[PDB]
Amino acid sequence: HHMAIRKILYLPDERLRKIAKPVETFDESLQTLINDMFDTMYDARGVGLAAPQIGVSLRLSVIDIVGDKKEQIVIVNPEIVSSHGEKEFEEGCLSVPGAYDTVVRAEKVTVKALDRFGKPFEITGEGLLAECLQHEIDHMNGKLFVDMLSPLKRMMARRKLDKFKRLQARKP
(Lines of atoms letter the chains of each structure in order from A and count residues from 1; the text may use other names and numbers.)
(Lines give C-alpha, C1' and ligand atoms only; values in the text may rest on other atoms or scores of the structure.)
Protein backbone atom coordinates (compact mmCIF):
# COMPACT_ATOMS: atom_id res chain seq x y z
CA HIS A 1 0.00 0.00 0.00
CA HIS A 2 2.68 2.46 1.13
CA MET A 3 6.34 2.41 0.12
CA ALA A 4 8.34 5.51 1.02
CA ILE A 5 7.94 9.17 1.74
CA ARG A 6 9.51 10.81 -1.32
CA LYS A 7 12.04 13.60 -1.74
CA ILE A 8 10.40 16.85 -2.88
CA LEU A 9 12.36 18.69 -5.57
CA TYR A 10 13.15 22.39 -5.29
CA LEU A 11 13.80 24.96 -7.96
CA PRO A 12 15.82 25.08 -10.13
CA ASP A 13 15.51 21.31 -10.72
CA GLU A 14 14.69 20.90 -14.40
CA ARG A 15 12.16 18.17 -13.64
CA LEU A 16 9.90 20.85 -12.18
CA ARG A 17 9.82 22.49 -15.64
CA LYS A 18 8.82 19.42 -17.68
CA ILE A 19 5.31 19.15 -19.07
CA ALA A 20 3.89 16.06 -17.38
CA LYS A 21 2.44 13.11 -19.35
CA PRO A 22 -1.13 11.83 -18.90
CA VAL A 23 -1.74 8.82 -16.69
CA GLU A 24 -2.91 5.92 -18.82
CA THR A 25 -2.57 2.87 -16.52
CA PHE A 26 -4.55 2.44 -13.30
CA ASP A 27 -2.78 -0.40 -11.52
CA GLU A 28 -1.44 -1.14 -8.05
CA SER A 29 1.79 0.82 -8.64
CA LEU A 30 -0.29 3.95 -9.28
CA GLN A 31 -2.10 3.40 -5.97
CA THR A 32 1.21 3.04 -4.16
CA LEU A 33 2.41 6.27 -5.78
CA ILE A 34 -0.75 8.12 -4.74
CA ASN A 35 -0.48 6.83 -1.16
CA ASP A 36 3.17 7.91 -0.96
CA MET A 37 2.26 11.30 -2.41
CA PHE A 38 -0.33 11.86 0.33
CA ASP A 39 2.22 10.77 2.95
CA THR A 40 4.81 13.09 1.41
CA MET A 41 2.38 16.02 1.26
CA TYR A 42 1.32 15.69 4.90
CA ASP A 43 4.88 15.12 6.06
CA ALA A 44 5.87 18.35 4.29
CA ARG A 45 2.93 20.32 5.84
CA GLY A 46 1.30 20.92 2.44
CA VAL A 47 -2.30 20.83 1.28
CA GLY A 48 -1.47 19.57 -2.21
CA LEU A 49 1.30 17.86 -4.10
CA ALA A 50 1.81 17.26 -7.81
CA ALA A 51 3.73 14.29 -9.17
CA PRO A 52 6.45 16.42 -10.90
CA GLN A 53 7.38 17.76 -7.47
CA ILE A 54 8.74 14.31 -6.60
CA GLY A 55 10.28 13.79 -10.05
CA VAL A 56 7.40 11.79 -11.57
CA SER A 57 6.30 13.26 -14.89
CA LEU A 58 2.61 12.42 -14.61
CA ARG A 59 -0.48 14.66 -14.63
CA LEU A 60 -1.41 13.57 -11.12
CA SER A 61 -1.95 15.54 -7.93
CA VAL A 62 -3.17 14.81 -4.41
CA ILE A 63 -5.02 17.46 -2.41
CA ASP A 64 -6.36 17.79 1.14
CA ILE A 65 -7.39 21.32 2.14
CA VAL A 66 -9.27 20.24 5.25
CA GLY A 67 -6.61 17.79 6.41
CA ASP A 68 -8.53 14.52 6.97
CA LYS A 69 -9.22 11.39 4.93
CA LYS A 70 -12.86 12.03 3.98
CA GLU A 71 -11.90 15.18 2.04
CA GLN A 72 -8.96 13.74 0.10
CA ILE A 73 -8.98 14.67 -3.58
CA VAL A 74 -6.96 13.04 -6.34
CA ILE A 75 -6.92 14.70 -9.76
CA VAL A 76 -5.65 12.57 -12.63
CA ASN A 77 -5.33 14.18 -16.09
CA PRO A 78 -7.23 17.30 -14.99
CA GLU A 79 -8.58 19.98 -17.24
CA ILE A 80 -9.99 23.36 -16.26
CA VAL A 81 -13.38 23.59 -17.94
CA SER A 82 -14.38 27.00 -16.58
CA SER A 83 -13.13 29.71 -14.26
CA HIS A 84 -14.53 32.96 -12.94
CA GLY A 85 -13.28 36.07 -11.17
CA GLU A 86 -9.81 37.04 -9.98
CA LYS A 87 -8.59 36.93 -6.39
CA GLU A 88 -5.34 37.61 -4.56
CA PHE A 89 -3.96 34.71 -2.53
CA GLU A 90 -0.99 34.54 -0.17
CA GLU A 91 0.79 31.40 -1.34
CA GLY A 92 3.79 29.15 -0.84
CA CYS A 93 5.04 26.05 -2.63
CA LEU A 94 6.73 22.90 -1.35
CA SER A 95 9.14 23.21 -4.31
CA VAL A 96 10.10 26.81 -3.41
CA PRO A 97 10.69 26.44 0.35
CA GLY A 98 10.58 29.71 2.26
CA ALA A 99 9.06 31.87 -0.50
CA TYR A 100 5.67 33.43 0.26
CA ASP A 101 4.03 35.90 -2.08
CA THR A 102 0.66 37.23 -3.14
CA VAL A 103 -0.49 35.89 -6.51
CA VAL A 104 -3.65 36.47 -8.52
CA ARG A 105 -5.68 33.43 -9.53
CA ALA A 106 -9.25 32.70 -10.56
CA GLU A 107 -11.65 32.94 -7.63
CA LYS A 108 -13.70 29.96 -8.85
CA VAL A 109 -12.67 27.06 -11.09
CA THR A 110 -14.30 23.87 -12.31
CA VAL A 111 -11.97 20.95 -13.00
CA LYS A 112 -12.81 17.73 -14.81
CA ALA A 113 -10.49 14.83 -14.13
CA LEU A 114 -10.27 11.14 -13.35
CA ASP A 115 -10.25 10.08 -9.70
CA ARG A 116 -7.63 7.77 -8.20
CA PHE A 117 -9.35 4.71 -9.73
CA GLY A 118 -9.71 6.20 -13.22
CA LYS A 119 -13.37 7.17 -12.95
CA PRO A 120 -14.54 10.57 -14.25
CA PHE A 121 -15.46 13.33 -11.84
CA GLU A 122 -15.79 17.09 -11.70
CA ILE A 123 -15.26 19.48 -8.83
CA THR A 124 -15.89 23.21 -8.49
CA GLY A 125 -13.75 25.03 -5.95
CA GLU A 126 -13.58 28.52 -4.49
CA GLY A 127 -11.13 29.99 -2.03
CA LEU A 128 -8.28 27.70 -1.01
CA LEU A 129 -9.56 24.76 -3.08
CA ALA A 130 -9.69 26.89 -6.23
CA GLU A 131 -6.22 28.23 -5.49
CA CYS A 132 -4.85 24.75 -4.85
CA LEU A 133 -6.42 23.24 -7.97
CA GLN A 134 -4.85 25.94 -10.15
CA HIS A 135 -1.50 25.65 -8.34
CA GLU A 136 -1.35 21.87 -8.84
CA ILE A 137 -2.34 21.99 -12.51
CA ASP A 138 0.33 24.65 -13.08
CA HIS A 139 2.94 22.17 -11.76
CA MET A 140 1.76 19.69 -14.41
CA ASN A 141 2.63 22.28 -17.05
CA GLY A 142 6.06 23.03 -15.57
CA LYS A 143 4.80 26.28 -14.02
CA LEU A 144 5.51 27.51 -10.51
CA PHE A 145 3.85 30.35 -8.66
CA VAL A 146 6.95 32.57 -8.67
CA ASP A 147 6.84 32.69 -12.49
CA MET A 148 3.93 35.16 -12.46
CA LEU A 149 5.75 37.54 -10.08
CA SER A 150 7.71 40.67 -11.01
CA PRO A 151 11.43 40.24 -11.73
CA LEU A 152 12.16 41.91 -8.38
CA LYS A 153 9.96 39.45 -6.49
CA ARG A 154 11.41 36.50 -8.41
CA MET A 155 14.91 37.67 -7.45
CA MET A 156 13.93 37.92 -3.80
CA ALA A 157 12.38 34.45 -3.89
CA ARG A 158 15.60 33.12 -5.42
CA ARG A 159 17.67 34.73 -2.66
CA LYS A 160 15.38 33.35 0.05
CA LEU A 161 15.53 29.86 -1.47
CA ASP A 162 19.33 30.03 -1.75
CA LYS A 163 19.60 31.00 1.93
CA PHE A 164 17.28 28.14 2.87
CA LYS A 165 19.50 25.68 1.02
CA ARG A 166 22.59 27.01 2.82
CA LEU A 167 20.88 26.56 6.18
CA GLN A 168 19.74 23.02 5.35
CA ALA A 169 23.40 22.18 4.70
CA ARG A 170 24.21 23.30 8.27
CA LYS A 171 21.31 21.44 9.87
CA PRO A 172 22.53 18.51 12.03
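Counting begins at 1, following the sequence as shown.
> If you average the CA temperature factors over each stretch, which comes out higher, 66-74 or 111-119?
Mean B over CA atoms: larger for 66-74.
> Please compare 23-31 with 52-60 and name the stretch with the higher mean C-alpha B-factor in the deposited structure.
If you average the C-alpha B-factors of 23-31 and of 52-60, the larger mean comes out for 23-31.
> When the modelled residues of the chain are sorted by Cα temperature factor, does residue 142 land in the lowest, middle or highest third?
Its C-alpha B-factor, which the entry lists for residue 142, ranks in the middle third among residues of this chain.
> Could you say whether, by C-alpha temperature factor, residue 16 belongs to the lowest, middle or highest third of its chain?
Within its chain, residue 16 is a lowest-third residue by C-alpha B-factor, going by the deposited values.
> Using the B-factors in the PDB entry, rank residue 156's C-alpha atom against the chain and give the third, lowest, middle or highest.
Its C-alpha B-factor belongs to the highest third of this chain's values.
> By its CA B factor, does residue 95 count among the lowest, middle or highest third of the modelled residues in the chain?
For residue 95, the deposited C-alpha B-factor lands in the lowest third.
> Lowest, middle or highest third of the chain for the C-alpha temperature factor of residue 1?
Highest third.
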